[PDB]
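The data below hold one chain only, encoded as structure tokens and taken in the form solved without its partner chain.
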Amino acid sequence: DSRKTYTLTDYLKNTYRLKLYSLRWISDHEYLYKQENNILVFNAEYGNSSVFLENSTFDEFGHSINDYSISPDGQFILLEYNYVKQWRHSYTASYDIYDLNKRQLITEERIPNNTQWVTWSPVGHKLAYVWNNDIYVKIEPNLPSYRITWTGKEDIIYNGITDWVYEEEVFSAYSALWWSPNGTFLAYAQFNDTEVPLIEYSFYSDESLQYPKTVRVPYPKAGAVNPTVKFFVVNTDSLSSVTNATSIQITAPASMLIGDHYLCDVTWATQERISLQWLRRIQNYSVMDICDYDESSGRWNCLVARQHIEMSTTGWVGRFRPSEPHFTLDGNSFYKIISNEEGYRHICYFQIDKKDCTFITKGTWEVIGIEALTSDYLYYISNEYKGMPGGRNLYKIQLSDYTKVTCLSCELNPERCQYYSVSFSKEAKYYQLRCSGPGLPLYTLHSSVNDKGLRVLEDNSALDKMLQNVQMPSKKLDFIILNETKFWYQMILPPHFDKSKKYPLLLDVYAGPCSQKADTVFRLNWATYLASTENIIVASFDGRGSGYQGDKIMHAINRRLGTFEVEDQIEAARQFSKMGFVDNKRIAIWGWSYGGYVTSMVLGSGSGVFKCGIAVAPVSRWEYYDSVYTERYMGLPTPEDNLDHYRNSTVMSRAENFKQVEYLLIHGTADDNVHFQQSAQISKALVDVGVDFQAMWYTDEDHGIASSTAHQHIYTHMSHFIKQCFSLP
């Protein structure tokens, strides 16, 4: 075979790029698509397009624009620039608004610099933005903005934006604003972090900075004082420039107010009905309030009879939080994914006025998400097909007869496509399917009336032809049995794999709760290079604690992080080592983040299975990590709750057992998520017992270690380490 292999440089320089087709639906019939930096509008039925915005119109703009956002009526475009990253989702930017009718920039009443968040209303062209932690509303892009809140205070009071923990662990967003469906009301949360302790770490910046600066971030570690939260709704149709806006508060239910709690979901039901879910700090009890606007009062009333309790006896509520309700047109009923009596996640149908919900799906598999809802059909994604928890397909269920379930993606191309996501148009007249494996990604457009496959948007033809000239690895997805339970694994196998030769094996671990590392997704990554060029098998295993297989598996690690999920990785590797094609003298393990924790726990286990391993930004002790995530799984680190297990599940306590392995420990110094602290305590424990190891800090890098140069450097360094570990003397 004279073809080149998939090398480290190919991964690092992105030589082989997957093609995408990211569209944005603007109506029931049309979508926007960025082609050649021109924004085109497409008609879904025929495939014809027009140029909505020529790539040249902002040639004289002055700044490089980061992103575009067209108002829902197509009259305005928000130009985003001076982008400055904060955390995972948060950033600041400058904004300008361009009038699409006039074909001119608006120069009056501009959105301020250092704006923290901006959003169009869902209909028309109102704006709401947050600046210096306060909310502002613009009825028209050129008009003076109304100031909604006056309490905004850096690191202390947050209006319409989340603090650190709510951004990272609750909403997965900086935004804490929720327009009503037609833009009449703007709902928002206010966070108060007054008593929340600060994480502090050094930032070194450019060489020219003489004194490092100290970054200070309100961050509750497990057991610490949490932010408090309030919820408000303001009518944006009755604002005055003369009087200050009035925000109506909707207070949490009594069952929440008795102790610490969170706001975890906000979902508008109708123009005049809002739902909110609240979660106790002890995350096994949550309640939904359904609140109606009272025209006489001007107030929002949440009737007790419309209250819905969701709890768990085996673990926490929801995969990472209580799930999202999907309301019908009239908002009188709704659909919601919840754990059934057998512990599998399925769609339940609720009346707003009734306590008992009715499950409309069932079986030993799970609904992943509800994707669209019409009066006749609910569309959802599940891993039902072929009983493969790592595959994903689109289904529809007839609302008048639940026996009638149709798979819409299963048979389109079963050899190439077993993992789908979907994007529906405004009223679900059309949908885009995005197949992402096991073959190359495939984007297709369909119409809902008879599920016609209209056309192929992107089939990655170019890439296919290029990859033909490369010795690409294959992927095996299979299972092993442990106490009569299937647990799935995948192996990235070298080209020309020979079952009679012995290969070194790298165990690629994440293994966080609800994690899935064995799936049918096609990926070009570090593992691709390891298999193709270095002839290493890269395996991953989903053991106890993994998701999408029911709560019996998922909740196995409840109150018990660093136990079964760690043990199951060792057990999988033990079993892989007995296969004929695995060199048991050369088994390695690595992981990032949660997987760095598991890797570290595995290496300190004393198992003798692993010769070496690499931990990148690992958690080392659960009390160091954030409250919302940690306590979900661990409860509170007090003697009357779960302290003994917080204390038993540290990497540090296992330091001695590292004496018989090669360990590389890596961490960014500006990691705001898993603090450098965590690795600092590992290294010190190893030093204290006399264990040699390898280390690398990345100056000013965060949890992603994703700056272009650091990303190349880390993978280069880890490759040297693995190759050295696997070299035969």
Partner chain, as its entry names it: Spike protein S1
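Numbering follows the first chain given and starts at 1. If you superpose the two forms and keep the largest set of C-alpha atoms that fall within 1.5 Å, you have the rigid core.
Superposing each structure in 6 other deposited structures of this protein on the rigid core shows that the farther-lying of 36-44 and 659-667, by root-mean-square Cα distance, is 36-44.
In 6 other deposited structures of this protein, superposed on the rigid core, the segment with the larger root-mean-square CA displacement between 293-301 and 510-518 is 293-301.
The mean Cα B-factor in the deposited entry runs higher for 462-470 than for the other of 462-470 and 175-183. Look at the C-alpha B-factors of 656-664 and of 38-46. On average they run higher in 38-46. Of the candidates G545, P438, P618, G580, it is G580 whose Cα B-factor is highest according to the PDB record. Per the PDB record, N244 has a higher Cα B-factor than any other of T520, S532, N244, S515. In the PDB entry, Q190 places in the middle third of its chain by CA B-factor.
Ranked by C-alpha B-factor against the other modelled residues of its chain, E80 falls in the highest third. In the deposited entry, the Cα temperature factor of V689 places it in the middle third of its chain's modelled residues.
Per the deposited record, the Cα B-factor of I111 falls in the highest third when ranked against the other modelled residues of its chain. In the PDB entry, a CA B factor belonging to the middle third of its chain's modelled residues is recorded for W268.
Beyond the structure shown, there is the form solved in complex with its partner chain, which is absent from this document and is the topic of what follows.
Figure note: of the listed segments 255-263, 570-578, 365-373, 103-111, the one touching its partner chain in the bound PDB entry, with heavy atoms no more than 4.5 Å away, is 255-263.
For the chain shown alone, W488 is not a contact residue for its partner chain in the bound PDB entry, no non-hydrogen atom being within 4.5 angstroms. Taking the partner from elsewhere, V304 is found to have a heavy atom lying within 4.5 Å of its partner chain in the bound PDB entry.
Within this chain, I309 lines the site of its partner chain in the bound PDB entry, having a heavy atom no more than 4.5 Å away. The shortest heavy atom separation between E154 and its partner chain in the bound PDB entry exceeds 4.5 Å. Interface residue among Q75, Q351, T251, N235 relative to its partner chain in the bound PDB entry, by the heavy atom within 4.5 Å criterion: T251. Distance criterion of 4.5 Å from any heavy atom to its partner chain in the bound PDB entry singles out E295 from the list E295, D401, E640, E411.
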